[PDB]
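In what follows, a single structure is set out as structure tokens and then discussed.
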Amino acid sequence: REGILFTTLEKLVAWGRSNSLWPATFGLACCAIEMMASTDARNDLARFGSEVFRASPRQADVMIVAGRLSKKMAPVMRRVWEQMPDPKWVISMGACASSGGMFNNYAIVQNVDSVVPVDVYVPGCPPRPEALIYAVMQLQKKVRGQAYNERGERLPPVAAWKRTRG
Amino acid sequence: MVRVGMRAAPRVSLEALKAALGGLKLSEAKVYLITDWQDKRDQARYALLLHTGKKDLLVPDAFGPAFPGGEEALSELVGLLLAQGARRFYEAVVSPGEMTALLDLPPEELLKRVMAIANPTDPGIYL
Amino acid sequence: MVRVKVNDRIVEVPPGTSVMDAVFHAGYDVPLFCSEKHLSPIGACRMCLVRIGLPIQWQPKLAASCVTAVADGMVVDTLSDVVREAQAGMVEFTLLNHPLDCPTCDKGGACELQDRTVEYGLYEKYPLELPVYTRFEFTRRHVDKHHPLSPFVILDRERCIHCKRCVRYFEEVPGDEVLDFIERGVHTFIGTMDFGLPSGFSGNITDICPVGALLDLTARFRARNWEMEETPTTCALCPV
Amino acid sequence: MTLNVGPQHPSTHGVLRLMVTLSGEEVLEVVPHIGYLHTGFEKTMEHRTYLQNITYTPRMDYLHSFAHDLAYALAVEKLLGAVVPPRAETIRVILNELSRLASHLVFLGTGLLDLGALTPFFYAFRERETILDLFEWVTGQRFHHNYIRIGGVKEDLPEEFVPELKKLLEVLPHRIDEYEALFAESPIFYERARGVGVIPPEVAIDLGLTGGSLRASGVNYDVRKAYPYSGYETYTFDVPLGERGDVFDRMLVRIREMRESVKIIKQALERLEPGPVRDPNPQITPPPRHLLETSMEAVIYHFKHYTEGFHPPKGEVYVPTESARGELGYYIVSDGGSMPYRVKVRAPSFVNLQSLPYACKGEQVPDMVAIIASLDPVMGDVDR
Amino acid sequence: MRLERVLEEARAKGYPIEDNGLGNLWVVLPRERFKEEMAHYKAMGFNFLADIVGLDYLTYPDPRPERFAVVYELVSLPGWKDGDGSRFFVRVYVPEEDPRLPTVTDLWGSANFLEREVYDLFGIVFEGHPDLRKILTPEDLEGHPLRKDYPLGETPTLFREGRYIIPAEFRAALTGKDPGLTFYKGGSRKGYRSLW
Amino acid sequence: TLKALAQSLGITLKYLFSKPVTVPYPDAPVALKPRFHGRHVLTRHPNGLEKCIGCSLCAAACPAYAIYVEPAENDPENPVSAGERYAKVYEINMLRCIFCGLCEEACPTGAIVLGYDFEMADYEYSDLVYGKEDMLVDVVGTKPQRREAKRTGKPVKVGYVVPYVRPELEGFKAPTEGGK
Amino acid sequence: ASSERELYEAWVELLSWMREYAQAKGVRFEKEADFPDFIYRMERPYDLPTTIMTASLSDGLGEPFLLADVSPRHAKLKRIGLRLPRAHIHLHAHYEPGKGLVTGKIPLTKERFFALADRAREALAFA
Ligand code: SF4
Ligand code: SF4
Ligand code: SF4
Ligand code: SF4
Ligand code: SF4
Ligand code: FES
């Protein structure tokens with residue numbers, strides 16, 4: 001039941017989800033290869049709980065948009081996201097995903113937050129694999145309720161919990 | 001191209017668009033929400049361009065929480081677009097100085113500009 | 001009309017034409033600092049130098065195309081190796097005493113000195129030779145800097161390249177001689193004993209000055225030339 | 001079964017859409033659908049300075065990026081008449097062959113994982129990580145490095161680069177020999193790849209399959225020999241080839257290419273003598289940063305160059321090069337302005353894709369993935 | 001060796017020969033002779049068809065015959081049966097109101113995707129093509145991007161308190177038709193070339 | 001080639017018994033090369049005066065147009081830069097920034113120089129537009145790192161170590177190779 | 001030779017004298033320009049004691065009556081110069097070891113500079 005309505009139970013389930021964060025990569029460009037580097041035998045996102053990698057979208061809570069999101073790919077990524085189980089989070093990797101990046105033109109979406117509810121942003125071109133790990137710990141402690149913005153506000157555990165999907 | 005409503009009149013623009021739309025089927029129409037400042041929607045304003053393919057309909061920047069009742073006006077507007085079967089929703093980002101003159105450009109130029117700059121968007125973010 | 005030939009091209013041109021205007025009418029280019037539209041050309045920067053033949057009878061020395069009249073069937077050369085070499089040398093002489101303010105200069109991207117420098121200077125001498133930018137290794141002219149001449153105009157006497165544009169204008173167009181040089185030699189500098197800048201047309205010297213000597217006090221340190229958005233419009237303060 | 005293998009699913013690397021018209025376990029015909037990565041470089045570049053564009057060149061083929069960098073640099077140098085120092089040329093060939101090794105590593109890892117086993121991906125990626133450490137040492141960036149310049153290279157090498165490069169050049173022969181020992185004597189890979197991937201050279205030519213999968217079918221055409229550009233004319237060079245183009249021969253040809261590239265790197269490092277690093281023409285190269293506090297000409301040129309840039313002559317130009325994916329080149333129309341009039345890129349990954357329905361024609365359904373991985377596609381290059 | 005015979009054949013029939021001192025060669029055939037001439041070129045042994053590149057000369061400082069110009073690249077592989085290595089371009093101008101040009105897909109199967117791309121980016125329609133379908137631009141995209149009459153479509157860059165940047169008004173670099181920020185551009189900034 | 005299955009298994013066993021290779025970030029500080037493109041820093045002169053003279057050359061050289069520079073006139077009583085001009089507002093949108101280094105390359109005063117911090121992932125678009133006072137050499141950490149160290153009371157530890165900092169970074173303090 | 005260090009020291013000394021005369025007489029002093037070799041030095045070292053190259057004494061109207069300048073760190077034939085604007089008056093001071101700051105052969109004392117500045121003020125100053 002969303003992991004709510006008991007002081008101990010919700011912290012326990014958030015602990016569980018935070019460490020069991022299941023990445024589903026949505027590789028678009030070179031951000032995707034720099035994310036593939038976050039899994040090799042120098043710096044692996046295979047310790048915190050992200051060892052397994054199920055290509056199916058029915059099986060992962062974290063959606064990592066890694067690369068430039070072309071406007072022709074926007075509905076596809078939209079429906080891949082909608083076709084995810086509900087306790088789901090969105091990471092936006094790299095400049096092309098976060099903003100329009102250096103490609104400010106008709107072809108690329110200027111903020112992936114337009115199509116999918118983004119949870120974490122991670123700048124860089126490409127963002128270093130260790131910056132991506134910083135982002136996943138950021139999201140970890142976010143779903144732990146340990147995340148605050150520059151304005152002082154605590155951030156909700158799950159974005160895409162706040163939208164009128166339709 | 002038709003221009004209905006007036007700037008900073010959310011409910012007047014909403015009612016004028018309610019009347020002017022009629023029973024028009026929006027299955028192949030494209031709804032362009034023109035706004036500035038991608039990130040901050042709490043003080044954002046919105047204009048609308050409805051590209052049916054056979055004719056276009058313009059509403060000036062009169063929606064959004066920037067105006068009293070403009071947030072609920074934008075929610076009702078997008079809800080009505082979705083109810084009429086609109087699926088292709090886009091968000092266009094123009095400069096504040098542009099937003100005024102952009103609605104005074106000729107129809108072909110304004111529409112070509114909007115279609116070039118529009119980003120596919122989840123209509124839910126306006127609900 | 002008068003028949004002119006610029007380096008490969010033939011031009012009809014009215015008789016009272018300047019050689020410089022015949023050059024540009026042919027589509028060529030030549031440095032330009034002292035002369036200005038609607039102002040009397042007088043060879044001061046000596047930048048508009050070209051070659052002229054009137055026969056093959058080349059003139060002995062280079063003609064200042066800004067103050068040289070045109071004759072029927074006249075040849076004008078702007079591409080000669082010697083012509084471009086002299087252009088680069090004059091650019092160096094002009095850059096001799098300049099204060100090194102380009103990054104912090106309010107004149108920014110649109111500085112005639114900058115642009116004619118990058119256009120015509122550093123002629124190709126003849127390999128991967130290591131070339132020198134500046135030969136002058138002595139102390140540059142240092143004079144009064146950033147002096148408000150009026151609530152609207154600021155004066156950098158170091159950036160002045162001692163063209164005649166501002167005093168020429170002040171004498172000719174408004175008819176208010178409220179600006180002139182004081183000393184001579186290299187000690188020449190712009191000054192006035194009429195300090196308020198009485199003329200109601202003083203602000204145009206800011207547009208005329210090819211350097212950042214005369215700048216707009218009301219817009220000082222706001223943005224760089226390229227950064228600003230230009231809206232061309234008409235002024236509705238009076239019916240002209 | 002007109003089956004829709006969607007974009008990114010299931011695990012079709014290089015996001016692509018496929019309409020596999022297919023009954024059974026064969027492959028009747030694959031209808032490819034691309035455009036999901038189209039960014040618009042050919043238009044965006046018209047509104048960027050020539051110096052600015054050096055940030056745009058690596059980002060299309062992001063595996064072998066320095067080939068893009070080199071092709072663009074060379075075309076501009078031809079157009080405006082620039083002189084490249086010999087040491088800068090040697091550094092450029094070293095970086096190009098190093099990014100070639102990195103791209104070859106990633107290609108073979110992706111193929112083996114795509115069909116086959118997961119394990120051999122990690123060794124190739126460890127060697128790639130050593131290469132990326134070299135790239136960080138020199139340029140401060142892993143890839144998309146903004147190091148090449150129109151005159152030459154941005155700056156010189158640190159002291160620590162040559163020792164680490166010798167370390168890698170000593171470990172690499174054994175490593176590449178290990179990959180060959182695992183693969184060439186293929187236990188199952190043989191019965192998986194030897195037959196599949198029909199590549200008749202005539203159809204490869206008619207459809208224009210130039211990109212390194214052509215020599216696996218027995219065509220001896222390499223640009224580094226046919227049209228030497230960066231001084232490869234002066235290198236002892238073996239060009240690997242294949243008998244009949246299949247996945248097996250493709251992969252083994254690329255492995256021999258990696259060893260030959262290592263030998264080229266050793267040779268170039270041996271012929272390396274100190275010197276200058278870029279064309280001192282100030283219209284092309286920004287003034288040295290040390291005298292920016294002394295010369296008015298330096299300051300003016302620095303300011304003008306870093307704001308407006310420079311203006312090449314009016315004309316069109318093109319230069320061909322050989323990347324780890326085939327023939328690459330830039331057709332540049334310059335109008336005498338500070339930004340190029342138009343830049344069109346010949347995409348080898350794009351022209352190679354016309355032979356996919358033919359290549360995987362009649363092949364197996366599991367092998368439709370292996371035959372795609374073996375063709376070495378990059379959708380950043382294809383869609384562009 | 002086959003290139004010498006191409007130049008000799010083009011010069012005799014009044015085909016212009018454009019050459020830069022850098023080593024690049026064009027042979028511009030008229031619209032009529034385009035198809036049959038390049039068929040003859042393939043017959044001469046031009047194995048490989050490298051590129052089909054479309055050009056919009058609308059914003060070019062000097063005028064051109066027609067707005068659009070398509071350039072093909074023909075090659076003969078050196079390491080094949082009898083490889084000379086002769087490679088060259090064929091340029092063909094195309095009217096604004098007649099975006100037609102015969103395909104060479106029947107000749108080279110390489111031209112298939114390239115001509116589809118040129119149709120996608122410019123309104124240039126290729127006659128006799130097996131399938132002229134939009135390749136790269138989104139299915140719902142209206143128009144042809146790379147012809148200069150089509151906007152690049154930039155989005156402003158965003159900062160803290162009302163501070164934004166419009167790149168088209170922020171750019172300091174100039175195009176060929178851009179006058180510059182001074183009264184004019186001459187010298188290097190009207191075109192510059194060093195003498196090697 | 002039946003032998004190959006056995007040889008493959010054997011080499012995989014050898015590498016199994018080869019234990020070491022990995023680095024455990026954040027538990028082990030990542031080794032970065034000295035030229036790495038990290039968080040922008042504005043540098044100061046020995047006088048303490050800022051180097052930045054607000055010349056917008058870093059913004060003009062920006063291919064992503066991520067640098068906003070509002071200039072102002074130095075105050076003789078309490079100066080900021082070395083000339084008559086300094087950086088009144090210096091903002092860089094890290095989400096627009098593509099990390100060239102062209103801004104530093106156009107920097108005539110050596111004010112703007114790329115740093116070494118990479119732990120700058122954050123939650124909000126509007127928080128990733130870094131300001132001047134988030135980039136000065138005096139600051140130690142990234143925005144989320146500092147915010148965590150303040151809402152935590154636990155000092156900032158950077159996840160990187162380098163052999164040394166470049167001279168252009170003069171003043172930039174970092175953990176160096178074990179010098180500390 | 002090594003005279004440079006004491007030259008810049010005496011340059012700082014003369015600047016101190018100018019500041020003192022300004023404060024005493026209630027007349028404007030201005031730092032006109034700093035060293036380009038200190039502005040544009042990015043990482044490069046700066047050993048000079050001060051970064052100031054040009055200064056001036058301006059009257060109430062802001063027009064200077066006295067100008068003083070020093071040669072940059074890297075220029076040939078290093079000197080210190082003085083100028084009376086509008087008076088065609090120029091002075092060239094060097095530094096002789098043991099003696100001190102001298103205009104040619106004549107010692108340049110603080111009293112000498114004060115008398116020169118007072119005369120310049122009374123004559124040239126407009127207000
Ligand atoms: S942000 Fe840089 S690395 Fe990531 S997809 Fe864009 S170009 Fe590639
Ligand atoms: S006047 Fe021109 S050349 Fe002199 S500092 Fe200003 S921009 Fe530079
Ligand atoms: S102040 Fe300017 S316009 Fe007047 S003479 Fe000097 S350079 Fe020419
Ligand atoms: S590093 Fe960032 S701020 Fe600097 S020029 Fe590049 S994109 Fe612009
Ligand atoms: S280029 Fe350097 S000195 Fe100029 S504004 Fe940028 S950081 Fe400051
Ligand atoms: S332009 Fe003729 S001399 Fe100044």
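Following the order of the structure tokens, chains are lettered A, B, ..., residues in each are numbered from 1, and ligands are numbered from 1.
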
Could you pull the residues within 12 Å of residue G:38, counting only C-alpha atoms, minus those fewer than 4 positions along the same chain, as a VMD selection string?
(chain D and resid 290 to 294) or (chain F and resid 44 to 47 49 to 53 81 to 83 108 to 110) or (chain G and resid 33 to 34 42 to 53 72 to 74)

Write out, as an mmCIF file, in the first residue's frame, the residues just selected, with N, CA and C atoms.
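This went into selection_8.cif:
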```
data_model
loop_
_atom_site.group_PDB
_atom_site.id
_atom_site.type_symbol
_atom_site.label_atom_id
_atom_site.label_comp_id
_atom_site.auth_asym_id
_atom_site.auth_seq_id
_atom_site.Cartn_x
_atom_site.Cartn_y
_atom_site.Cartn_z
ATOM 1 N N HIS D 290 50.401 34.205 -22.511
ATOM 2 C CA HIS D 290 51.330 34.821 -21.570
ATOM 3 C C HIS D 290 51.521 36.301 -21.872
ATOM 4 N N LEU D 291 51.526 36.674 -23.150
ATOM 5 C CA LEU D 291 51.709 38.060 -23.556
ATOM 6 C C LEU D 291 50.387 38.808 -23.738
ATOM 7 N N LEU D 292 49.265 38.223 -23.305
ATOM 8 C CA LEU D 292 47.993 38.940 -23.279
ATOM 9 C C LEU D 292 48.031 40.163 -22.380
ATOM 10 N N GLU D 293 49.061 40.287 -21.553
ATOM 11 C CA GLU D 293 49.257 41.432 -20.683
ATOM 12 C C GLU D 293 50.262 42.440 -21.239
ATOM 13 N N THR D 294 50.751 42.236 -22.470
ATOM 14 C CA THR D 294 51.773 43.096 -23.068
ATOM 15 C C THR D 294 51.336 43.757 -24.370
ATOM 16 N N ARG F 44 41.583 34.403 -7.561
ATOM 17 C CA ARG F 44 41.957 35.699 -7.054
ATOM 18 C C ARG F 44 43.457 35.845 -7.144
ATOM 19 N N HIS F 45 43.878 37.089 -7.173
ATOM 20 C CA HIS F 45 45.279 37.433 -7.222
ATOM 21 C C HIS F 45 45.872 37.297 -5.832
ATOM 22 N N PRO F 46 47.201 37.329 -5.722
ATOM 23 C CA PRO F 46 47.811 37.308 -4.384
ATOM 24 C C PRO F 46 47.307 38.429 -3.504
ATOM 25 N N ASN F 47 47.098 39.614 -4.084
ATOM 26 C CA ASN F 47 46.505 40.718 -3.339
ATOM 27 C C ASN F 47 45.167 40.336 -2.740
ATOM 28 N N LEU F 49 42.657 40.337 -4.645
ATOM 29 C CA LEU F 49 41.778 40.862 -5.664
ATOM 30 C C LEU F 49 41.378 39.744 -6.600
ATOM 31 N N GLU F 50 40.138 39.803 -7.047
ATOM 32 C CA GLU F 50 39.650 38.813 -7.977
ATOM 33 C C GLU F 50 40.301 39.042 -9.325
ATOM 34 N N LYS F 51 40.476 37.964 -10.057
ATOM 35 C CA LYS F 51 41.087 38.093 -11.363
ATOM 36 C C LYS F 51 40.085 38.518 -12.397
ATOM 37 N N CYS F 52 38.848 38.175 -12.162
ATOM 38 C CA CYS F 52 37.829 38.391 -13.162
ATOM 39 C C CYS F 52 37.602 39.879 -13.350
ATOM 40 N N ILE F 53 37.782 40.348 -14.579
ATOM 41 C CA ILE F 53 37.495 41.729 -14.931
ATOM 42 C C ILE F 53 36.181 41.852 -15.697
ATOM 43 N N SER F 81 38.337 43.581 -8.599
ATOM 44 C CA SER F 81 39.226 43.062 -9.631
ATOM 45 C C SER F 81 40.400 44.008 -9.798
ATOM 46 N N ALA F 82 41.201 43.735 -10.824
ATOM 47 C CA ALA F 82 42.431 44.469 -11.062
ATOM 48 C C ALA F 82 42.239 45.694 -11.947
ATOM 49 N N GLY F 83 41.275 45.685 -12.855
ATOM 50 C CA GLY F 83 41.016 46.829 -13.714
ATOM 51 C C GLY F 83 39.934 47.733 -13.174
ATOM 52 N N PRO F 108 40.880 36.143 -20.041
ATOM 53 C CA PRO F 108 42.171 36.801 -20.198
ATOM 54 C C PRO F 108 42.849 37.023 -18.863
ATOM 55 N N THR F 109 42.073 36.979 -17.797
ATOM 56 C CA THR F 109 42.603 37.248 -16.476
ATOM 57 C C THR F 109 42.717 35.996 -15.639
ATOM 58 N N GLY F 110 42.361 34.845 -16.204
ATOM 59 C CA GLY F 110 42.487 33.587 -15.498
ATOM 60 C C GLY F 110 41.522 33.439 -14.364
ATOM 61 N N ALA G 33 44.926 53.988 -13.703
ATOM 62 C CA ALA G 33 45.078 52.701 -14.383
ATOM 63 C C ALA G 33 45.956 51.758 -13.566
ATOM 64 N N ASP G 34 45.662 50.454 -13.660
ATOM 65 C CA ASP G 34 46.458 49.404 -13.036
ATOM 66 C C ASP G 34 47.309 48.683 -14.079
ATOM 67 N N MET G 42 47.239 35.497 -15.379
ATOM 68 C CA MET G 42 46.204 34.578 -14.961
ATOM 69 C C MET G 42 46.703 33.690 -13.833
ATOM 70 N N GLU G 43 47.723 32.889 -14.119
ATOM 71 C CA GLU G 43 48.465 32.161 -13.105
ATOM 72 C C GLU G 43 49.829 32.783 -12.846
ATOM 73 N N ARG G 44 50.340 33.534 -13.816
ATOM 74 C CA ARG G 44 51.661 34.139 -13.844
ATOM 75 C C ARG G 44 51.901 34.892 -12.547
ATOM 76 N N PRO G 45 53.138 34.955 -12.081
ATOM 77 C CA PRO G 45 53.406 35.583 -10.789
ATOM 78 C C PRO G 45 53.526 37.090 -10.910
ATOM 79 N N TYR G 46 53.294 37.745 -9.781
ATOM 80 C CA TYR G 46 53.359 39.193 -9.705
ATOM 81 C C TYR G 46 54.163 39.532 -8.461
ATOM 82 N N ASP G 47 55.347 40.103 -8.675
ATOM 83 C CA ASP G 47 56.284 40.423 -7.612
ATOM 84 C C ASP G 47 56.321 41.905 -7.291
ATOM 85 N N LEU G 48 55.713 42.736 -8.124
ATOM 86 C CA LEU G 48 55.731 44.161 -7.882
ATOM 87 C C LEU G 48 54.960 44.478 -6.601
ATOM 88 N N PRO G 49 55.386 45.499 -5.859
ATOM 89 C CA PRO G 49 54.737 45.767 -4.568
ATOM 90 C C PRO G 49 53.315 46.253 -4.729
ATOM 91 N N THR G 50 53.037 46.998 -5.786
ATOM 92 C CA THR G 50 51.701 47.478 -6.070
ATOM 93 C C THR G 50 51.353 47.181 -7.522
ATOM 94 N N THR G 51 50.068 47.304 -7.837
ATOM 95 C CA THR G 51 49.549 46.965 -9.152
ATOM 96 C C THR G 51 49.137 48.203 -9.941
ATOM 97 N N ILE G 52 49.450 49.396 -9.429
ATOM 98 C CA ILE G 52 48.974 50.674 -9.965
ATOM 99 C C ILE G 52 50.035 51.261 -10.888
ATOM 100 N N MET G 53 49.621 51.643 -12.101
ATOM 101 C CA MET G 53 50.501 52.218 -13.116
ATOM 102 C C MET G 53 50.360 53.734 -13.285
ATOM 103 N N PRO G 72 55.785 50.073 -17.475
ATOM 104 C CA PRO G 72 55.373 48.719 -17.075
ATOM 105 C C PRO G 72 56.568 47.846 -16.723
ATOM 106 N N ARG G 73 56.264 46.698 -16.115
ATOM 107 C CA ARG G 73 57.316 45.827 -15.607
ATOM 108 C C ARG G 73 58.206 45.293 -16.725
ATOM 109 N N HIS G 74 57.674 45.173 -17.941
ATOM 110 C CA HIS G 74 58.348 44.489 -19.036
ATOM 111 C C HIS G 74 58.854 45.423 -20.142
#
```

If the limit is 6 Å from any atom of ligand 1, counting only C-alpha atoms and all ligand atoms, which residues qualify? Return them as an mmCIF file with N, CA and C atoms, in the first residue's frame.
```cif
data_model
loop_
_atom_site.group_PDB
_atom_site.id
_atom_site.type_symbol
_atom_site.label_atom_id
_atom_site.label_comp_id
_atom_site.auth_asym_id
_atom_site.auth_seq_id
_atom_site.Cartn_x
_atom_site.Cartn_y
_atom_site.Cartn_z
ATOM 1 N N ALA A 29 22.050 8.588 -26.117
ATOM 2 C CA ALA A 29 23.334 8.919 -26.726
ATOM 3 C C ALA A 29 24.501 8.508 -25.842
ATOM 4 N N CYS A 30 25.680 9.035 -26.146
ATOM 5 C CA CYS A 30 26.899 8.884 -25.367
ATOM 6 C C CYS A 30 26.744 8.958 -23.837
ATOM 7 N N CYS A 31 25.729 9.681 -23.342
ATOM 8 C CA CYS A 31 25.375 9.510 -21.909
ATOM 9 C C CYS A 31 25.099 8.041 -21.601
ATOM 10 N N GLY A 67 21.035 10.398 -22.216
ATOM 11 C CA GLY A 67 21.320 10.845 -23.566
ATOM 12 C C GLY A 67 20.382 11.938 -24.032
ATOM 13 N N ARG A 68 20.582 12.423 -25.256
ATOM 14 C CA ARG A 68 19.661 13.395 -25.831
ATOM 15 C C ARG A 68 18.349 12.717 -26.221
ATOM 16 N N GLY A 94 22.786 13.886 -17.771
ATOM 17 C CA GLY A 94 23.488 14.686 -18.750
ATOM 18 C C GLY A 94 22.784 15.975 -19.119
ATOM 19 N N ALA A 95 23.531 16.819 -19.834
ATOM 20 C CA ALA A 95 23.016 18.132 -20.201
ATOM 21 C C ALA A 95 21.885 18.017 -21.214
ATOM 22 N N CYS A 96 22.045 17.164 -22.227
ATOM 23 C CA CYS A 96 20.998 17.021 -23.233
ATOM 24 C C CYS A 96 19.675 16.606 -22.616
ATOM 25 N N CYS A 125 28.795 16.445 -19.180
ATOM 26 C CA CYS A 125 28.757 16.045 -20.589
ATOM 27 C C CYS A 125 30.047 15.312 -20.933
ATOM 28 N N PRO A 126 30.100 13.998 -20.672
ATOM 29 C CA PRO A 126 29.045 13.287 -19.945
ATOM 30 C C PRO A 126 29.221 13.457 -18.442
ATOM 31 N N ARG D 59 30.625 14.468 -30.666
ATOM 32 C CA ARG D 59 29.361 14.033 -30.077
ATOM 33 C C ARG D 59 28.459 13.244 -31.016
#
```

Within 9 Å of chain F: residues of chain C, using only C-alpha atoms, as a PyMOL selection string:
chain C and resi 101-105+108+220-224+226-227

Can you write out the residues you just picked, keeping N, CA, C and O atoms, as a JSON list (two decimals), in the first residue's frame?
```json
[["chain", "number", "residue", "atom", "x", "y", "z"],
["C", 101, "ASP", "N", 42.79, 47.75, -23.38],
["C", 101, "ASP", "CA", 41.54, 47.69, -22.63],
["C", 101, "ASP", "C", 40.45, 46.84, -23.28],
["C", 101, "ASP", "O", 39.37, 46.72, -22.70],
["C", 102, "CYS", "N", 40.73, 46.21, -24.43],
["C", 102, "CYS", "CA", 39.71, 45.46, -25.18],
["C", 102, "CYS", "C", 38.77, 44.65, -24.30],
["C", 102, "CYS", "O", 37.55, 44.76, -24.48],
["C", 103, "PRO", "N", 39.24, 43.82, -23.36],
["C", 103, "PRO", "CA", 38.28, 43.03, -22.58],
["C", 103, "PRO", "C", 37.43, 43.88, -21.66],
["C", 103, "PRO", "O", 36.24, 43.59, -21.47],
["C", 104, "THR", "N", 38.02, 44.91, -21.08],
["C", 104, "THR", "CA", 37.31, 45.81, -20.19],
["C", 104, "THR", "C", 36.85, 47.07, -20.91],
["C", 104, "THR", "O", 36.23, 47.93, -20.28],
["C", 105, "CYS", "N", 37.06, 47.16, -22.22],
["C", 105, "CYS", "CA", 36.63, 48.31, -23.00],
["C", 105, "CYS", "C", 35.15, 48.22, -23.34],
["C", 105, "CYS", "O", 34.69, 47.20, -23.87],
["C", 108, "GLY", "N", 33.94, 47.03, -26.92],
["C", 108, "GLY", "CA", 33.68, 45.63, -27.21],
["C", 108, "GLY", "C", 33.78, 45.19, -28.65],
["C", 108, "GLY", "O", 34.71, 45.58, -29.36],
["C", 220, "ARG", "N", 26.99, 53.21, -19.57],
["C", 220, "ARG", "CA", 28.31, 52.67, -19.26],
["C", 220, "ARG", "C", 28.19, 51.38, -18.44],
["C", 220, "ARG", "O", 27.42, 51.31, -17.48],
["C", 221, "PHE", "N", 28.97, 50.38, -18.84],
["C", 221, "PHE", "CA", 29.08, 49.12, -18.10],
["C", 221, "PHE", "C", 27.70, 48.48, -17.89],
["C", 221, "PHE", "O", 27.27, 48.23, -16.77],
["C", 222, "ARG", "N", 26.99, 48.26, -19.00],
["C", 222, "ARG", "CA", 25.71, 47.57, -18.98],
["C", 222, "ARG", "C", 25.75, 46.23, -19.70],
["C", 222, "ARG", "O", 25.23, 45.25, -19.17],
["C", 223, "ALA", "N", 26.40, 46.14, -20.87],
["C", 223, "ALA", "CA", 26.53, 44.91, -21.64],
["C", 223, "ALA", "C", 27.55, 45.14, -22.76],
["C", 223, "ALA", "O", 27.95, 46.27, -23.02],
["C", 224, "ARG", "N", 28.00, 44.04, -23.39],
["C", 224, "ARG", "CA", 28.94, 44.10, -24.51],
["C", 224, "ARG", "C", 28.17, 44.24, -25.81],
["C", 224, "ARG", "O", 27.03, 43.81, -25.92],
["C", 226, "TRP", "N", 27.88, 42.88, -28.77],
["C", 226, "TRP", "CA", 27.14, 41.76, -29.36],
["C", 226, "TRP", "C", 26.00, 41.28, -28.46],
["C", 226, "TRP", "O", 25.00, 40.77, -28.96],
["C", 227, "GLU", "N", 26.15, 41.42, -27.15],
["C", 227, "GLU", "CA", 25.19, 40.84, -26.21],
["C", 227, "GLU", "C", 23.83, 41.54, -26.28],
["C", 227, "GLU", "O", 22.81, 40.90, -25.99]]
```

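Residues of protein or nucleic acid lying within 6 Å of ligand 2, counting only C-alpha atoms and all ligand atoms, are residues 98, 100, 101, 102, 105, 107, 108, 111, 113, 114, 159, 211 and 212 of chain C; 300 of chain D.
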
Could those residues be written to a file, using C-alpha atoms, as a short mmCIF file (atom, residue, chain, number, x, y, z; two decimals), in the first residue's frame?
```cif
data_model
loop_
_atom_site.label_atom_id
_atom_site.label_comp_id
_atom_site.auth_asym_id
_atom_site.auth_seq_id
_atom_site.Cartn_x
_atom_site.Cartn_y
_atom_site.Cartn_z
CA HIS C 98 46.57 52.05 -27.14
CA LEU C 100 45.17 47.42 -23.73
CA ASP C 101 41.54 47.69 -22.63
CA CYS C 102 39.71 45.46 -25.18
CA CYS C 105 36.63 48.31 -23.00
CA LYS C 107 33.65 49.44 -27.15
CA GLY C 108 33.68 45.63 -27.21
CA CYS C 111 35.62 48.72 -32.56
CA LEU C 113 40.28 49.80 -34.65
CA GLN C 114 39.84 46.16 -33.63
CA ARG C 159 42.02 55.33 -26.48
CA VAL C 211 37.61 53.74 -30.43
CA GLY C 212 36.38 53.75 -26.84
CA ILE D 300 42.71 42.65 -29.95
#
```

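Residue list for chain F within 9 Å of chain E: residues 60, 61, 64, 65, 66, 67, 68, 91, 92, 93, 96, 126, 127, 129, 130 and 131 of chain F, counting only C-alpha atoms.
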